[PDB]
Amino acid sequence: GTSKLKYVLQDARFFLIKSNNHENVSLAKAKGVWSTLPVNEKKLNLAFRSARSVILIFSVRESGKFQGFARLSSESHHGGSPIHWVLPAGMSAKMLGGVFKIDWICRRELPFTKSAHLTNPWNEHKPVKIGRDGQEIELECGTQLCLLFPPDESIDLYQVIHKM
Ligand SMILES: CNc1ncnc2ccsc12
């Protein structure tokens, strides 16, 4: 069903994640972690304090798809086990040192062809598939893009609902 999903998405904030590789999204799906550059780290730390839910919607560059979406369950932290990211060119471990804990809500893919009717008022009304890493997605466009994903029946949102 979609009832607990809508409950999670109520008054949430949505951020677009553009990973440069599939490997790190894979790693993020396994370990429930994500790291971004300092500029977006600050943005997500600020958003986590400000909304009942901060939703990250993932898309690997040049895949033509979103790969799922997840909920921030913490602010970033530095000093844990060095998460073996496939560092992208121009990025160092120090830059990606801030680690957000996340609870996945859907690990299923959604092809861009299916979100062509959705545009983002915070990105000049461009199709929601278009945007840099960190682009915030406006409440209604974000909500509807999430509802477009196939249900991920392996996930039980009771766990995520209580942290709210
Ligand atoms: C784990 N962090 C990342 N992995 C792959 N691509 C990007 C782009 C900005 S952060 C990031």
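- In the PDB header, X-ray crystallography is given as the technique by which the entry was determined, and 2.28 Å as its resolution.

- You'll find the chain entered in the PDB entry as YTH domain-containing protein 1, with Homo sapiens given as the organism.
- In the PDB, the structure is listed with the title "Crystal structure of YTHDC1 with fragment 1 (DHU_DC1_141)".

**Considerations on the UniProt feature "binding site: RNA" in the chain**
Argument step 1. Mapped onto this numbering, the UniProt entry gives "binding site: RNA" at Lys18, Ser19, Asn20, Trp34, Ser35, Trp85 and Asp133.
Argument step 2. For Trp34, the location among the structural elements is in strand 2 (residues 33–34).
Argument step 3. By relative accessible area, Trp34 is classed as buried at 6%.
Argument step 4. Ignoring sequence-local partners within four residues, the contact set of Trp34 consists of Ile17, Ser19, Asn24, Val25, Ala28, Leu56, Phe58, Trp85, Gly98, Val99, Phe100 and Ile102.
Argument step 5. Locating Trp85 in the fold gives a position in the loop between strand 5 (68–72) and strand 6 (100–106).

**Some points on helix 3 (residues 38–48)**
Argument step 1. If you check which residues of helix 3 are buried, you get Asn40, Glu41, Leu44, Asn45 and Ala47. Angularly, the buried residues of helix 3 cover 165 degrees about the axis, an arc narrow enough to put them on a single face. In this structure, helix 3 carries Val39, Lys42 and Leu46 as exposed residues pointing more than 90 degrees from its buried face.
Argument step 2. On its buried side, helix 3 packs onto strand 1 (13–19), strand 3 (54–60), strand 5 and strand 6.

**Describing the site of the ligand**
Argument step 1. Around the ligand, a shell composed of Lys18, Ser19, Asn20, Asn24, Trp34, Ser35, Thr36, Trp85, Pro88, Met91, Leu96 and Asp133 is seen.
Argument step 2. A distance of 3.1 Å separates a nitrogen atom of the ligand from a polar side-chain atom of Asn24.
Argument step 3. About the coverage of the ligand: the protein hides 98% of its 310 Å² of free accessible area.
Argument step 4. Considering only residue class, the shell around the ligand consists of five nonpolar, five polar and two charged.

**Brief notes about the nonpolar core**
Argument step 1. Core analysis: the largest hydrophobic core is formed by 44 residues, its most contacted members being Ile55, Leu56, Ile57, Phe58, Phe66, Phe69 and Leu145.
Argument step 2. Counting residues per element, this core draws most heavily on strand 3, which supplies six residues.
Argument step 3. Once residues within four sequence positions are removed from consideration, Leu56 is found in contact with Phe15, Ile17, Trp34, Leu44, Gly68, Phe69, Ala70, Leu72 and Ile102.

**Examining the pairing of strand 3**
The side chains of a regular strand alternate between both faces of the sheet.
Argument step 1. Counting buried residues along strand 3, seven of its seven residues qualify, which places the element largely inside the surrounding structure.
Argument step 2. Direction of pairing for strand 1 relative to strand 3: parallel, over a ladder of seven bridges. Within the sheet, the bridge partner assigned to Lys18 lies in strand 3 and is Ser59.

What counts, and where the lines are drawn
Residues numbered from 1 in each chain as written, not as in the entry; some residues may be left out. Heavy atoms only, no water. Residues with missing side-chain atoms left out of burial classes, pairs and counts. UniProt positions renumbered as here; feature names shortened; annotations may be inferred. Helix = DSSP H or I, 4+ residues; strand = E, 2+ residues; numbered from the N terminus. Buried < 20%, exposed > 50% of the residue type's maximum accessible area, 1.4 Å probe, protein only. Contact = heavy atoms within 4.5 Å. Arc of directions from axis to C-beta. Near = heavy atom within 4 Å. Polar contact = N/O pair within 3.5 Å; in protein donor to acceptor, adjacent residues only side chain to side chain. Areas by Shrake-Rupley, 256 points an atom, 1.4 Å probe, with all protein chains shown as cover. Nonpolar A, V, L, I, M, F, W, Y, C, P; charged D, E, K, R; others polar. Core = buried A, V, L, I, M, F, W, Y, C linked by side-chain atoms within 4.5 Å. Pairing = 2+ DSSP bridges.

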